[PDB]
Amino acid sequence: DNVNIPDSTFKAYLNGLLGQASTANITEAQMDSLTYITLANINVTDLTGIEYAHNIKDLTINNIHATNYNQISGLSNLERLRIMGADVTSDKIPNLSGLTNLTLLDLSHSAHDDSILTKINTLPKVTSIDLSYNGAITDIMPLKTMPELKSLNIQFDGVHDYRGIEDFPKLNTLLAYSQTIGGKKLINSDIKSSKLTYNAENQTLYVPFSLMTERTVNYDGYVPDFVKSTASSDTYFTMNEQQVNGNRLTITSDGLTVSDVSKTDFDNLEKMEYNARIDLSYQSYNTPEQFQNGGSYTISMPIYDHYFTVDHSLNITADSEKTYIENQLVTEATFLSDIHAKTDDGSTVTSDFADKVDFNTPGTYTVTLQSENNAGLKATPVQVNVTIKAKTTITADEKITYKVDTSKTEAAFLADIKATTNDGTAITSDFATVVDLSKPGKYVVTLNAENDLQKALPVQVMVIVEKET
């Protein structure tokens, strides 16, 4: 019954509580006398022995740079827990389902992500949570399953979607003002320039707000607008990492318009960033009814940040090899169908196929596809390997002559007339339904030959059976 507390600074703290020397020993009975533990702004790196304090109702930890927090997983009699630090990532917290008398949970000012929720949504008696100041917390819907949750703080947190909230069984307070959507867990899109609009007569660039796909949606489906201010604090818009001056911006409910944009400027556009405020103010949206009974539901004035990568290329995708046979003929049009040649726009594809592919010399030929949809076509060309295969050709003798009542098998006959194809393709025959060999005369057996790719032109052999003396 004397307790292992490996951290000198941690034990030092605890001895100060018991009025003993900083380096004194501590007793399973001494641990059990403890009503609270408050570690703040001291470098404590391991919490072992805590697993020991079975009687604390208050654990309060701020900025201690602990490696993890595992050892708290079963303090059944703990009522109020608080752990804050810029380094407290979500992994450092164990699952908290043991904490069966916990009413209060504050993990504010930390570096948690969404994986924290599935550790804390199994808490039976938690009335309130503060996940305030966690920028990487982006969706709070998993907390709908907690039975007693009444109050939730997510101030300054990057949540964007409130659809589901009425699922909360007992919630009457959501504090959710000033989210910074895309602040920690970045939002990026890779996009075709076709999705934008360049007008050369006005020299204007238009960017449709329909691209801002992670924008705030209130619980009832309401989608607030971006502010229309072109002040740097309100809108921060970037082209190729260069901030565009307010004087050039015009903002509507549909999108944003830049003036003074040249054709060269537009073509050179590789990146945009849209960082702006959302127009959602005091008393400007619906509140669900749960929160109207003397609670509060503020989801106001969020901030949105959205990175863009712009692609002006038009690219062509098609099957990249094909096989025809030796001397049949194909028209470029039939060629393109076969390989399914397509521009990414739905414009034209040309080719040199008629130039490169030689149908009379079996082999493999490089066709290069090209396409010019644009005012111009920096449409990089994609190559296709067209393959010609040898025509499957039977060769044989054309006459053979046998005595009556000679016995002959089919395979003997094909051997006798040196019947053969150019590729290992099997010859079929009407031989044994055409020749008699009991009755003299002239019999015409036709040879044939087929494979996966072609049928040969049939060949005739004249089998003469002569009544010889």
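Sequential numbering from 1, following the sequence displayed.
Higher mean CA temperature factor, per the PDB entry, when comparing 367 to 375 with 256 to 264: 367 to 375. Of the two segments, 174 to 182 and 96 to 104, the one listed with the higher mean B-factor is 96 to 104 (C-alpha atoms only). Taking the deposited Cα B-factors for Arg215, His109, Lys356, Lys399, the highest one is held by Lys356.
Based on the entry's C-alpha B-factors, the most elevated value among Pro142, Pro302, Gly294, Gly135 belongs to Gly294. Among the modelled residues of its chain, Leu131 has a C-alpha B-factor that falls in the lowest third, as given in the PDB entry.
Annotation for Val384: CA B-factor lies in the highest third of the chain's modelled residues. In this PDB entry, the Cα temperature factor of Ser337 sits in the top third of its chain's modelled residues, the highest group.
When the modelled residues of the chain are ordered by C-alpha B-factor, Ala426 sits in the lowest third.
In the deposited entry, the Cα temperature factor of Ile116 sits in the middle third of values across the chain's modelled residues.
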